[PDB]
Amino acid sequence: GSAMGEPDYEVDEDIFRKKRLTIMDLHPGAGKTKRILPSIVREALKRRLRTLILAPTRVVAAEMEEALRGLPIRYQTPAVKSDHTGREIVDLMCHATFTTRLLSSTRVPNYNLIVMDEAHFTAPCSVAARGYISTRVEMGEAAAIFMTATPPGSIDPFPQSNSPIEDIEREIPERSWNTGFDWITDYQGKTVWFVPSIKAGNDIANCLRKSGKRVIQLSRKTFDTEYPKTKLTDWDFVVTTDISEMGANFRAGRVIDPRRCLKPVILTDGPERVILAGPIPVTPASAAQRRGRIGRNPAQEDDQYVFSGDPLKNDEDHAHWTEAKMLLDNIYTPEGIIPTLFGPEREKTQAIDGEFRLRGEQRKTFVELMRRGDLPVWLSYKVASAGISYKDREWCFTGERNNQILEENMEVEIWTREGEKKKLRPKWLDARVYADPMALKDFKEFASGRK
């Protein structure tokens, strides 16, 4: 005797049609959709299509490679601008790698089938990749597949799940507590707790550690290192920022979600600047992705989503929509069409297509500030469009007194590359380079010319 098992996945001819943009959901954790991506790729190769797979993070890329073992898959790093074999190959890369190559190479191939995993990712480079992709689709040049449970425009915080979820609304501490939340530490399962910031996570995680819980923390910069540890069975809590909304799978029974995030905002009252507004309520899609960490396994029916407060769907002041346009306006096509945002995302910005386009040296500086300097899109756009060269770091010290960077109420002071001690005082202020200490550590390194 034998068990039926997941049946072979027959591919809908429609998904390979030019001008077709398919939205699907892999429904992970029920052991029913293992063969989908491998079937799509094998069928794509059968049709002799030039295929691109976009993963949101390196971790997911690596998981896909294992899932696709035996198929002719070639992982592409952002350290390489283009990689053309003579052979039948599927390119695999990060959302951000695709966008970066579109910005620094005239050799990006004419993929006619593009699969974007976790296509809800609202990182600017991801938003930009989606515009480019859907532009190519509308031109009849490609077919695309956006895989995600919360496609752009979705507004449902309590979508379908593989297994039932108990949605529980109760007060959740935003800072360390010492009494009154016994349900948090009495629970005997594993928990994923979404915090609005690393700082909040630090407080929560240290409180939990004082009770003896084993806690793995996750943020954007530690994710590639720390997430693999969560795949070990030795923890009580994962404390994570919203980086874990993009394909992070956890063998957990409970999510705790105060539904708070920080949002970068371009302030235009006075000198343009970017602050990290908040903590403010998440969008409904983000609440759905957080909750969607659990209720994945239909044999485990008592998973819990513990949440507080309601989502806010209006996020049109998010800096990412403008930053997406800064990237898109700088991607050119032979057709010379400037790509536009994916349709559900067009309403997020009133910017006129092309208004951020840059020319010549400025364009490569822009690209280099982001790639090699690791600066936010907004900040990189300001530096490059002022005519500054990648290497020229004077602007990090010539800002107004208000732009003085503090750490612990101490004025940051560093060594220029040339050997002078100067107050860190950037001409343009983007809170993403100074709010988090490790981000400040990287920005100092940049200002000092070691980058």
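Residue numbers here begin at 1 and follow the sequence given.
- Per the PDB record, of the two stretches 407-415 and 393-401, 407-415 carries the greater mean B-factor over its C-alpha atoms.
- The PDB entry records a higher mean C-alpha B factor for 417-425 than for its counterpart among 417-425 and 55-63.
- In this structure the maximum Cα B-factor among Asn178, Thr283, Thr185, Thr240 is found at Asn178.
- The maximum CA B-factor among the listed residues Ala288, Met139, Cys261, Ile256, taken from the PDB record, is found at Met139.
- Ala324: CA B factor in the lowest third of modelled residues in this chain (values from the PDB entry).
- In the deposited entry, the Cα temperature factor of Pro279 places it in the middle third of its chain's modelled residues.
- When all modelled residues of the chain are sorted by CA temperature factor, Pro334 is found within the highest third.
- Annotation for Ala200: CA B-factor lies in the middle third of the chain's modelled residues.
- Ranked by Cα temperature factor within the chain, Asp25 sits in the highest third according to the deposited record.
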